[PDB]
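Below is structure-v1.cif, holding mmCIF, N, CA and C atoms and all ligand atoms.
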data_protein
#
loop_
_atom_site.label_atom_id
_atom_site.label_comp_id
_atom_site.auth_asym_id
_atom_site.auth_seq_id
_atom_site.Cartn_x
_atom_site.Cartn_y
_atom_site.Cartn_z
N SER A 7 9.55 -15.89 26.24
CA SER A 7 9.52 -14.93 27.35
C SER A 7 10.94 -14.40 27.65
N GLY A 8 11.04 -13.23 28.27
CA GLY A 8 12.33 -12.66 28.61
C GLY A 8 12.34 -11.14 28.75
N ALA A 9 13.33 -10.60 29.47
CA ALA A 9 13.41 -9.17 29.73
C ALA A 9 14.86 -8.67 29.86
N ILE A 10 15.08 -7.34 29.74
CA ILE A 10 16.40 -6.74 29.98
C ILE A 10 16.30 -5.96 31.31
N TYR A 11 17.25 -6.18 32.21
CA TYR A 11 17.25 -5.50 33.50
C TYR A 11 18.45 -4.58 33.56
N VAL A 12 18.23 -3.26 33.35
CA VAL A 12 19.29 -2.26 33.37
C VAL A 12 18.97 -1.17 34.38
N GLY A 13 19.84 -1.02 35.40
CA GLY A 13 19.64 -0.05 36.47
C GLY A 13 18.31 -0.31 37.16
N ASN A 14 17.49 0.72 37.32
CA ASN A 14 16.18 0.52 37.93
C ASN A 14 15.08 0.26 36.91
N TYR A 15 15.43 -0.37 35.77
CA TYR A 15 14.45 -0.61 34.72
C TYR A 15 14.35 -2.05 34.30
N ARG A 16 13.17 -2.42 33.84
CA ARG A 16 12.94 -3.72 33.25
C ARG A 16 12.37 -3.41 31.87
N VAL A 17 12.94 -3.98 30.83
CA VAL A 17 12.49 -3.77 29.46
C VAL A 17 11.90 -5.07 28.97
N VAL A 18 10.62 -5.10 28.59
CA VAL A 18 9.99 -6.35 28.12
C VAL A 18 9.21 -6.10 26.82
N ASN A 19 8.77 -7.18 26.09
CA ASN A 19 7.89 -6.95 24.91
C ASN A 19 6.57 -6.39 25.46
N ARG A 20 6.06 -5.35 24.84
CA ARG A 20 4.81 -4.72 25.30
C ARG A 20 3.64 -5.72 25.32
N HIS A 21 3.55 -6.65 24.34
CA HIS A 21 2.44 -7.64 24.33
C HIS A 21 2.52 -8.69 25.45
N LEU A 22 3.67 -8.78 26.12
CA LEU A 22 3.85 -9.73 27.20
C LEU A 22 3.96 -9.05 28.59
N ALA A 23 3.74 -7.72 28.67
CA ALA A 23 3.86 -6.97 29.93
C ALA A 23 2.85 -7.44 30.97
N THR A 24 3.25 -7.46 32.25
CA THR A 24 2.39 -7.91 33.35
C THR A 24 1.58 -6.75 34.01
N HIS A 25 0.78 -7.06 35.07
CA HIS A 25 0.05 -6.06 35.83
C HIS A 25 1.07 -5.17 36.53
N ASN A 26 2.12 -5.76 37.16
CA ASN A 26 3.18 -4.98 37.82
C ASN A 26 3.86 -4.02 36.85
N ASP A 27 4.18 -4.47 35.64
CA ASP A 27 4.81 -3.61 34.63
C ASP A 27 3.93 -2.39 34.32
N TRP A 28 2.63 -2.62 34.17
CA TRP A 28 1.70 -1.53 33.88
C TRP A 28 1.47 -0.64 35.12
N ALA A 29 1.46 -1.21 36.33
CA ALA A 29 1.32 -0.42 37.55
C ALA A 29 2.60 0.42 37.84
N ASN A 30 3.75 0.00 37.30
CA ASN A 30 5.03 0.67 37.49
C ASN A 30 5.63 1.14 36.16
N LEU A 31 4.76 1.57 35.22
CA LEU A 31 5.03 2.05 33.86
C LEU A 31 5.91 3.29 33.82
N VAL A 32 6.96 3.27 32.98
CA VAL A 32 7.86 4.40 32.73
C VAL A 32 7.61 4.95 31.32
N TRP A 33 7.55 4.04 30.34
CA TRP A 33 7.37 4.35 28.93
C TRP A 33 6.89 3.10 28.17
N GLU A 34 6.06 3.27 27.16
CA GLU A 34 5.62 2.15 26.32
C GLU A 34 5.35 2.68 24.91
N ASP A 35 5.58 1.83 23.89
CA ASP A 35 5.34 2.23 22.52
C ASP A 35 4.83 0.99 21.79
N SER A 36 3.53 1.00 21.44
CA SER A 36 2.90 -0.11 20.76
C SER A 36 3.51 -0.29 19.36
N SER A 37 3.91 0.84 18.69
CA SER A 37 4.52 0.71 17.35
C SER A 37 5.89 -0.02 17.43
N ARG A 38 6.56 -0.05 18.61
CA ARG A 38 7.85 -0.77 18.75
C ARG A 38 7.74 -2.09 19.52
N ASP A 39 6.55 -2.40 20.06
CA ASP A 39 6.26 -3.59 20.88
C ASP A 39 7.18 -3.54 22.11
N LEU A 40 7.40 -2.34 22.70
CA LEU A 40 8.25 -2.26 23.91
C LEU A 40 7.53 -1.63 25.09
N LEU A 41 7.88 -2.02 26.30
CA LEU A 41 7.35 -1.41 27.51
C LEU A 41 8.48 -1.47 28.50
N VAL A 42 8.70 -0.38 29.23
CA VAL A 42 9.72 -0.28 30.26
C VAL A 42 9.05 0.03 31.60
N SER A 43 9.28 -0.81 32.60
CA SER A 43 8.76 -0.59 33.93
C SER A 43 9.89 -0.37 34.95
N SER A 44 9.56 0.27 36.07
CA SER A 44 10.54 0.52 37.13
C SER A 44 10.67 -0.68 38.05
N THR A 45 11.84 -0.84 38.67
CA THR A 45 12.12 -1.93 39.60
C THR A 45 12.79 -1.35 40.82
N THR A 46 12.64 -2.00 41.98
CA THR A 46 13.33 -1.54 43.18
C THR A 46 14.77 -2.08 43.16
N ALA A 47 14.96 -3.33 42.71
CA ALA A 47 16.28 -3.92 42.63
C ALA A 47 17.08 -3.35 41.47
N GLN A 48 18.40 -3.37 41.60
CA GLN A 48 19.33 -2.86 40.61
C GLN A 48 19.66 -3.94 39.56
N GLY A 49 19.70 -3.54 38.29
CA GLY A 49 20.01 -4.41 37.17
C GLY A 49 21.39 -4.11 36.61
N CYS A 50 22.09 -5.15 36.18
CA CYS A 50 23.47 -4.97 35.72
C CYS A 50 23.69 -5.28 34.23
N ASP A 51 22.60 -5.46 33.44
CA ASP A 51 22.73 -5.67 31.99
C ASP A 51 23.29 -4.38 31.38
N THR A 52 24.23 -4.51 30.48
CA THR A 52 24.84 -3.38 29.81
C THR A 52 24.18 -3.22 28.45
N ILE A 53 23.77 -2.00 28.10
CA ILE A 53 23.17 -1.75 26.80
C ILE A 53 24.23 -1.25 25.85
N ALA A 54 24.23 -1.79 24.62
CA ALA A 54 25.17 -1.40 23.59
C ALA A 54 24.75 -0.05 22.99
N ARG A 55 25.70 0.76 22.64
CA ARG A 55 25.48 2.06 21.99
C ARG A 55 26.38 1.98 20.75
N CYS A 56 25.88 1.42 19.64
CA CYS A 56 26.67 1.14 18.44
C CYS A 56 25.73 0.99 17.22
N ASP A 57 26.31 0.58 16.09
CA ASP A 57 25.57 0.29 14.88
C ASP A 57 26.02 -1.09 14.38
N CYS A 58 26.22 -2.07 15.30
CA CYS A 58 26.61 -3.43 14.94
C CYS A 58 25.51 -4.06 14.11
N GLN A 59 25.88 -4.85 13.14
CA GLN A 59 24.94 -5.62 12.34
C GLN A 59 25.19 -7.13 12.45
N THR A 60 25.97 -7.56 13.48
CA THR A 60 26.24 -8.96 13.81
C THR A 60 26.18 -9.12 15.31
N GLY A 61 25.75 -10.30 15.73
CA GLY A 61 25.60 -10.57 17.15
C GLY A 61 25.15 -11.99 17.41
N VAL A 62 24.67 -12.25 18.62
CA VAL A 62 24.24 -13.57 19.05
C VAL A 62 22.92 -13.41 19.79
N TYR A 63 21.92 -14.25 19.46
CA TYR A 63 20.65 -14.17 20.16
C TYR A 63 20.30 -15.51 20.87
N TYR A 64 19.49 -15.44 21.92
CA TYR A 64 19.08 -16.64 22.62
C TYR A 64 17.76 -17.13 22.04
N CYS A 65 17.72 -18.43 21.65
CA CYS A 65 16.50 -18.99 21.06
C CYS A 65 15.91 -20.05 22.02
N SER A 66 14.90 -19.65 22.82
CA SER A 66 14.32 -20.56 23.81
C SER A 66 13.73 -21.82 23.22
N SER A 67 13.14 -21.77 22.01
CA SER A 67 12.60 -22.98 21.36
C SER A 67 13.67 -24.00 20.96
N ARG A 68 14.96 -23.65 21.08
CA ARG A 68 16.04 -24.59 20.82
C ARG A 68 16.98 -24.73 22.03
N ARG A 69 16.77 -23.94 23.12
CA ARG A 69 17.66 -23.87 24.29
C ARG A 69 19.12 -23.63 23.79
N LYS A 70 19.26 -22.74 22.79
CA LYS A 70 20.57 -22.52 22.16
C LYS A 70 20.74 -21.03 21.79
N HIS A 71 21.99 -20.60 21.67
CA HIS A 71 22.38 -19.27 21.22
C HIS A 71 22.83 -19.42 19.78
N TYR A 72 22.48 -18.47 18.92
CA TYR A 72 22.88 -18.53 17.53
C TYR A 72 23.51 -17.21 17.08
N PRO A 73 24.59 -17.28 16.29
CA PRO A 73 25.16 -16.05 15.70
C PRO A 73 24.32 -15.60 14.50
N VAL A 74 24.08 -14.28 14.35
CA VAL A 74 23.27 -13.76 13.25
C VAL A 74 23.83 -12.49 12.66
N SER A 75 23.53 -12.24 11.38
CA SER A 75 23.74 -10.93 10.77
C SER A 75 22.31 -10.37 10.78
N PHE A 76 22.17 -9.10 11.09
CA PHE A 76 20.86 -8.48 11.14
C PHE A 76 20.84 -7.12 10.45
N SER A 77 19.65 -6.69 10.02
CA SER A 77 19.47 -5.45 9.32
C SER A 77 19.42 -4.22 10.28
N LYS A 78 19.49 -3.00 9.72
CA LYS A 78 19.42 -1.80 10.55
C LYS A 78 17.98 -1.55 10.99
N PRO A 79 17.74 -0.95 12.17
CA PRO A 79 16.35 -0.72 12.60
C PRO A 79 15.52 0.04 11.57
N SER A 80 14.35 -0.51 11.24
CA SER A 80 13.49 0.12 10.24
C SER A 80 12.00 -0.23 10.48
N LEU A 81 11.09 0.31 9.64
CA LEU A 81 9.64 0.09 9.70
C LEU A 81 9.32 -1.14 8.87
N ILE A 82 8.78 -2.19 9.50
CA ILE A 82 8.45 -3.41 8.77
C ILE A 82 7.03 -3.84 9.06
N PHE A 83 6.28 -4.22 8.02
CA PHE A 83 4.92 -4.71 8.16
C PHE A 83 4.84 -6.01 8.97
N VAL A 84 3.91 -6.06 9.94
CA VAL A 84 3.66 -7.18 10.84
C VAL A 84 2.15 -7.56 10.84
N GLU A 85 1.88 -8.85 10.64
CA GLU A 85 0.55 -9.44 10.59
C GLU A 85 -0.20 -9.36 11.90
N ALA A 86 -1.54 -9.36 11.81
CA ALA A 86 -2.45 -9.31 12.96
C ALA A 86 -2.25 -10.47 13.94
N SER A 87 -2.63 -10.26 15.20
CA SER A 87 -2.48 -11.25 16.26
C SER A 87 -3.45 -10.93 17.41
N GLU A 88 -3.54 -11.81 18.43
CA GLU A 88 -4.40 -11.51 19.58
C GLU A 88 -3.94 -10.25 20.35
N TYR A 89 -2.75 -9.71 20.00
CA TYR A 89 -2.13 -8.55 20.62
C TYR A 89 -2.21 -7.29 19.75
N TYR A 90 -2.06 -7.41 18.41
CA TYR A 90 -2.09 -6.21 17.57
C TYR A 90 -2.85 -6.36 16.27
N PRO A 91 -3.44 -5.26 15.77
CA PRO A 91 -3.98 -5.31 14.39
C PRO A 91 -2.79 -5.28 13.39
N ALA A 92 -3.05 -5.45 12.09
CA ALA A 92 -1.96 -5.40 11.10
C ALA A 92 -1.39 -3.98 11.05
N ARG A 93 -0.05 -3.84 11.07
CA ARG A 93 0.58 -2.51 11.17
C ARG A 93 2.09 -2.58 10.82
N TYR A 94 2.75 -1.42 10.72
CA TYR A 94 4.20 -1.37 10.55
C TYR A 94 4.84 -1.24 11.94
N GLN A 95 5.74 -2.16 12.29
CA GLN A 95 6.46 -2.08 13.55
C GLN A 95 7.72 -1.28 13.27
N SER A 96 8.03 -0.31 14.13
CA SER A 96 9.20 0.55 13.92
C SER A 96 10.40 0.09 14.76
N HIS A 97 11.63 0.50 14.37
CA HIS A 97 12.84 0.15 15.12
C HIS A 97 13.04 -1.38 15.18
N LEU A 98 12.66 -2.09 14.11
CA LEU A 98 12.73 -3.55 14.04
C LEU A 98 13.89 -4.00 13.17
N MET A 99 14.59 -5.06 13.57
CA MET A 99 15.72 -5.57 12.82
C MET A 99 15.50 -7.02 12.45
N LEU A 100 15.72 -7.42 11.17
CA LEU A 100 15.51 -8.82 10.80
C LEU A 100 16.82 -9.57 10.59
N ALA A 101 16.80 -10.88 10.88
CA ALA A 101 17.91 -11.81 10.67
C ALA A 101 17.39 -13.16 10.15
N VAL A 102 18.25 -13.89 9.45
CA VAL A 102 17.93 -15.23 9.02
C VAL A 102 18.33 -16.11 10.19
N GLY A 103 17.35 -16.81 10.72
CA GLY A 103 17.52 -17.68 11.88
C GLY A 103 16.19 -18.22 12.35
N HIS A 104 16.23 -19.29 13.14
CA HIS A 104 15.02 -19.88 13.68
C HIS A 104 14.36 -19.06 14.84
N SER A 105 13.03 -18.97 14.79
CA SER A 105 12.20 -18.38 15.83
C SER A 105 10.75 -18.89 15.65
N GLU A 106 10.03 -19.11 16.74
CA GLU A 106 8.63 -19.54 16.68
C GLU A 106 7.87 -18.96 17.88
N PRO A 107 6.51 -18.89 17.88
CA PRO A 107 5.79 -18.33 19.05
C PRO A 107 6.36 -18.87 20.37
N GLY A 108 6.64 -18.01 21.33
CA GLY A 108 7.31 -18.44 22.57
C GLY A 108 8.75 -17.93 22.67
N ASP A 109 9.34 -17.53 21.52
CA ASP A 109 10.69 -17.03 21.48
C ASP A 109 10.84 -15.55 21.79
N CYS A 110 9.74 -14.78 21.77
CA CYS A 110 9.82 -13.31 22.05
C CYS A 110 10.48 -13.08 23.44
N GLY A 111 11.33 -12.08 23.58
CA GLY A 111 12.00 -11.83 24.85
C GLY A 111 13.43 -12.33 24.92
N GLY A 112 13.85 -13.16 23.96
CA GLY A 112 15.24 -13.60 23.90
C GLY A 112 16.15 -12.42 23.57
N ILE A 113 17.27 -12.28 24.28
CA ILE A 113 18.19 -11.19 24.08
C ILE A 113 19.09 -11.41 22.88
N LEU A 114 19.38 -10.31 22.16
CA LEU A 114 20.34 -10.22 21.08
C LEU A 114 21.47 -9.34 21.64
N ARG A 115 22.68 -9.84 21.58
CA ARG A 115 23.83 -9.14 22.10
C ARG A 115 24.91 -9.06 21.03
N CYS A 116 25.72 -7.99 21.08
CA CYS A 116 26.91 -7.86 20.25
C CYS A 116 28.09 -7.73 21.26
N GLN A 117 29.33 -7.52 20.79
CA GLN A 117 30.48 -7.33 21.69
C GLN A 117 30.30 -6.13 22.64
N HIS A 118 29.40 -5.19 22.31
CA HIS A 118 29.23 -3.98 23.13
C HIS A 118 28.18 -4.12 24.22
N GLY A 119 27.33 -5.16 24.14
CA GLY A 119 26.28 -5.36 25.10
C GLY A 119 24.95 -5.76 24.47
N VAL A 120 23.86 -5.47 25.15
CA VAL A 120 22.51 -5.81 24.70
C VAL A 120 22.07 -4.89 23.58
N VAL A 121 21.67 -5.48 22.44
CA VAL A 121 21.18 -4.78 21.26
C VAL A 121 19.62 -4.68 21.24
N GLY A 122 18.96 -5.76 21.62
CA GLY A 122 17.52 -5.80 21.59
C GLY A 122 16.93 -7.12 22.04
N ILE A 123 15.63 -7.32 21.80
CA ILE A 123 14.94 -8.56 22.19
C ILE A 123 14.08 -9.08 21.05
N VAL A 124 13.90 -10.43 20.96
CA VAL A 124 13.06 -11.03 19.91
C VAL A 124 11.65 -10.48 20.02
N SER A 125 11.05 -10.07 18.90
CA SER A 125 9.71 -9.49 18.92
C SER A 125 8.80 -10.08 17.85
N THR A 126 9.36 -10.53 16.69
CA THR A 126 8.61 -11.16 15.58
C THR A 126 9.49 -12.31 14.97
N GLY A 127 8.98 -13.01 13.96
CA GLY A 127 9.71 -14.06 13.25
C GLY A 127 8.82 -14.88 12.34
N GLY A 128 9.30 -16.05 11.96
CA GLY A 128 8.62 -17.02 11.09
C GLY A 128 9.26 -17.12 9.72
N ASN A 129 9.06 -18.23 9.00
CA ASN A 129 9.61 -18.40 7.65
C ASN A 129 11.15 -18.45 7.58
N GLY A 130 11.79 -18.78 8.68
CA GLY A 130 13.24 -18.85 8.72
C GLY A 130 13.86 -17.51 9.08
N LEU A 131 13.05 -16.54 9.52
CA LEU A 131 13.52 -15.25 9.93
C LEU A 131 13.19 -15.03 11.41
N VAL A 132 13.89 -14.07 12.03
CA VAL A 132 13.67 -13.62 13.38
C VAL A 132 13.79 -12.09 13.38
N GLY A 133 12.87 -11.42 14.06
CA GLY A 133 12.81 -9.97 14.20
C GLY A 133 13.13 -9.54 15.63
N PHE A 134 13.94 -8.47 15.79
CA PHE A 134 14.36 -7.98 17.11
C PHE A 134 13.97 -6.51 17.26
N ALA A 135 13.39 -6.16 18.41
CA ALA A 135 13.04 -4.79 18.69
C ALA A 135 14.33 -4.15 19.23
N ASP A 136 14.86 -3.14 18.54
CA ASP A 136 16.10 -2.47 18.96
C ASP A 136 15.91 -1.67 20.23
N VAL A 137 16.96 -1.61 21.09
CA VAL A 137 16.91 -0.78 22.30
C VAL A 137 18.12 0.18 22.38
N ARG A 138 19.03 0.16 21.39
CA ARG A 138 20.24 0.99 21.44
C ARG A 138 20.02 2.50 21.38
N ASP A 139 18.86 2.96 20.89
CA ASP A 139 18.58 4.41 20.86
C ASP A 139 17.95 4.93 22.17
N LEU A 140 17.61 4.04 23.11
CA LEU A 140 16.98 4.50 24.37
C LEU A 140 18.09 4.83 25.35
N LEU A 141 18.74 5.99 25.13
CA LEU A 141 19.88 6.43 25.93
C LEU A 141 19.55 6.63 27.41
N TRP A 142 18.28 6.94 27.73
CA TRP A 142 17.82 7.19 29.10
C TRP A 142 17.81 5.96 30.00
N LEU A 143 17.94 4.75 29.42
CA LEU A 143 17.98 3.53 30.21
C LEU A 143 19.19 3.51 31.15
N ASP A 144 20.28 4.20 30.76
CA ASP A 144 21.54 4.27 31.50
C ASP A 144 21.58 5.33 32.55
N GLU A 145 20.96 6.50 32.29
CA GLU A 145 20.99 7.61 33.23
C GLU A 145 19.65 7.83 33.92
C1 LIG B 201 4.44 -14.87 12.94
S1 LIG B 201 4.67 -16.37 13.81
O1 LIG B 201 5.23 -17.34 12.91
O2 LIG B 201 3.44 -16.69 14.48
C2 LIG B 201 5.90 -16.04 15.04
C3 LIG B 201 7.15 -16.60 14.79
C4 LIG B 201 8.21 -16.28 15.60
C5 LIG B 201 8.01 -15.46 16.68
BR1 LIG B 201 9.49 -14.92 17.73
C6 LIG B 201 6.77 -14.95 16.98
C7 LIG B 201 5.68 -15.22 16.16
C8 LIG B 201 4.40 -14.47 16.44
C9 LIG B 201 4.58 -13.01 16.08
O3 LIG B 201 5.44 -12.66 15.28
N1 LIG B 201 3.76 -12.12 16.67
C10 LIG B 201 2.81 -12.42 17.76
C11 LIG B 201 3.15 -11.61 19.00
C12 LIG B 201 3.31 -10.12 18.66
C13 LIG B 201 4.28 -9.89 17.49
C14 LIG B 201 4.42 -8.41 17.16
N2 LIG B 201 5.58 -7.87 17.47
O4 LIG B 201 3.50 -7.79 16.62
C15 LIG B 201 3.78 -10.71 16.30
ZN ZN B 202 27.78 -3.37 18.97
#
Translate this file's structure into structure tokens.
Amino acid sequence: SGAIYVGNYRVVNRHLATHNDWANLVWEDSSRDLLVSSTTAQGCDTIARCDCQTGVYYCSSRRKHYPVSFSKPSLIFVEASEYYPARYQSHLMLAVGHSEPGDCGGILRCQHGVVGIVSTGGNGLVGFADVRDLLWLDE
């Protein structure tokens, strides 16, 4: 579980969004597994605007942060689940690192700020849904 709080926005995995998130919906994209809802309180997370391919992510199944090299956002095939049929997830980045069900929502950060959140994984890999192209989160 986990979310990004920037300005008047909350960014969470779309498959884990709550009733409040859907009642206060700003934007959602099932192909990216992302949903953004509005908040009354102000958020101070900084979003990175870069093309970093290294960073650090939070892994809740280990209560630890790990450094990773990750790929550029692209379309990657993702297996069926209680949340989605089999499909290509877009804007997804892969890294070699530990992740297991329950880890979605962990933040990936580089020196510039928040890069994305855990969205997929398994087999010694971890997948992150990128948020660096959503320029409107800041303004
Ligand atoms: C594939 S797994 O070994 O069950 C796993 C491992 C790590 C992590 Br983080 C998570 C899982 C499950 C997984 O990737 N899901 C379920 C939730 C929605 C995801 C999606 N973006 O379509 C796909
Ligand atoms: Zn960066």
Using only C-alpha atoms and all ligand atoms, find each residue with an atom at most 8 Å away from ligand ZN 202 (chain B) and format the answer as JSON, numbers by chain. {"A": [54, 55, 56, 57, 58, 59, 60, 61, 115, 116, 117, 118, 119, 121]}
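Identified as lying at most 7 Å from ligand LIG 201 (chain B) when counting all atoms listed in the file are the residues residues 21, 38, 39, 84, 85, 86, 87, 88, 89, 90, 104, 105, 106, 107, 108, 109, 110, 111, 124, 125, 126, 127, 128, 129, 131, 132 and 133 of chain A.
With distances restricted to only C-alpha atoms, A:15 is the closest residue to residue 46 (chain A) from A:94, A:15, A:83, A:142.
Reported to one decimal place, the separation of atom C of residue 9 (chain A) from CA of residue 72 (chain A) is 17.7 Å.
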Restricting the calculation to only C-alpha atoms: of A:92, A:99, A:135, A:50, which residue gets closest to residue 80 (chain A)? A:99
Export of region 19-46 of chain A: N, CA and C atoms, as a compact mmCIF listing (two decimals), in the first residue's frame:
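Output below, filename out.txt:
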# COMPACT_ATOMS: atom_id res chain seq x y z
N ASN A 19 -2.16 3.56 -6.70
CA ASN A 19 -2.38 2.53 -7.76
C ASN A 19 -3.89 2.47 -8.00
N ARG A 20 -4.30 2.46 -9.25
CA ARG A 20 -5.73 2.42 -9.59
C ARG A 20 -6.43 1.18 -8.99
N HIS A 21 -5.76 0.00 -8.94
CA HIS A 21 -6.39 -1.21 -8.37
C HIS A 21 -6.59 -1.16 -6.84
N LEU A 22 -5.94 -0.19 -6.19
CA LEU A 22 -6.06 -0.05 -4.74
C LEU A 22 -6.84 1.22 -4.33
N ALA A 23 -7.43 1.96 -5.30
CA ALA A 23 -8.16 3.20 -5.02
C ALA A 23 -9.37 2.97 -4.13
N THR A 24 -9.66 3.91 -3.22
CA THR A 24 -10.79 3.80 -2.28
C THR A 24 -12.11 4.44 -2.82
N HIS A 25 -13.21 4.42 -2.02
CA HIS A 25 -14.46 5.06 -2.36
C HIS A 25 -14.21 6.57 -2.43
N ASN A 26 -13.48 7.15 -1.44
CA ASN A 26 -13.15 8.58 -1.44
C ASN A 26 -12.39 8.98 -2.70
N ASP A 27 -11.41 8.19 -3.11
CA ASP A 27 -10.62 8.47 -4.32
C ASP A 27 -11.54 8.55 -5.55
N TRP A 28 -12.47 7.61 -5.66
CA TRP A 28 -13.41 7.59 -6.78
C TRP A 28 -14.45 8.72 -6.67
N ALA A 29 -14.89 9.06 -5.45
CA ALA A 29 -15.83 10.17 -5.27
C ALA A 29 -15.15 11.54 -5.53
N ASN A 30 -13.81 11.61 -5.41
CA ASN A 30 -13.04 12.84 -5.61
C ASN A 30 -12.03 12.68 -6.75
N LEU A 31 -12.41 11.92 -7.80
CA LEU A 31 -11.64 11.57 -9.01
C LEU A 31 -11.24 12.78 -9.84
N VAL A 32 -9.96 12.87 -10.23
CA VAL A 32 -9.41 13.90 -11.11
C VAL A 32 -9.08 13.28 -12.48
N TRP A 33 -8.39 12.13 -12.45
CA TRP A 33 -7.93 11.41 -13.63
C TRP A 33 -7.61 9.95 -13.25
N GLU A 34 -7.84 9.02 -14.15
CA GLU A 34 -7.48 7.62 -13.93
C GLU A 34 -7.16 6.97 -15.28
N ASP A 35 -6.23 6.00 -15.28
CA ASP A 35 -5.86 5.32 -16.51
C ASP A 35 -5.59 3.87 -16.13
N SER A 36 -6.49 2.96 -16.54
CA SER A 36 -6.37 1.54 -16.24
C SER A 36 -5.12 0.97 -16.94
N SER A 37 -4.77 1.49 -18.17
CA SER A 37 -3.58 0.97 -18.86
C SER A 37 -2.28 1.33 -18.07
N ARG A 38 -2.30 2.35 -17.19
CA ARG A 38 -1.11 2.71 -16.39
C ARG A 38 -1.21 2.29 -14.92
N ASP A 39 -2.37 1.76 -14.50
CA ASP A 39 -2.68 1.35 -13.12
C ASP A 39 -2.54 2.60 -12.22
N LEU A 40 -2.99 3.78 -12.70
CA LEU A 40 -2.90 4.99 -11.85
C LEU A 40 -4.25 5.66 -11.66
N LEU A 41 -4.44 6.31 -10.52
CA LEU A 41 -5.65 7.09 -10.26
C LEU A 41 -5.18 8.25 -9.42
N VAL A 42 -5.66 9.44 -9.72
CA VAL A 42 -5.36 10.66 -8.98
C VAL A 42 -6.66 11.25 -8.43
N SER A 43 -6.72 11.45 -7.12
CA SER A 43 -7.87 12.07 -6.49
C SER A 43 -7.50 13.40 -5.83
N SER A 44 -8.50 14.26 -5.62
CA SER A 44 -8.28 15.56 -4.98
C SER A 44 -8.29 15.43 -3.47
N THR A 45 -7.58 16.33 -2.79
CA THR A 45 -7.51 16.36 -1.33
C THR A 45 -7.72 17.79 -0.87
N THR A 46 -8.23 17.98 0.35
CA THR A 46 -8.38 19.32 0.89
C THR A 46 -7.03 19.78 1.47
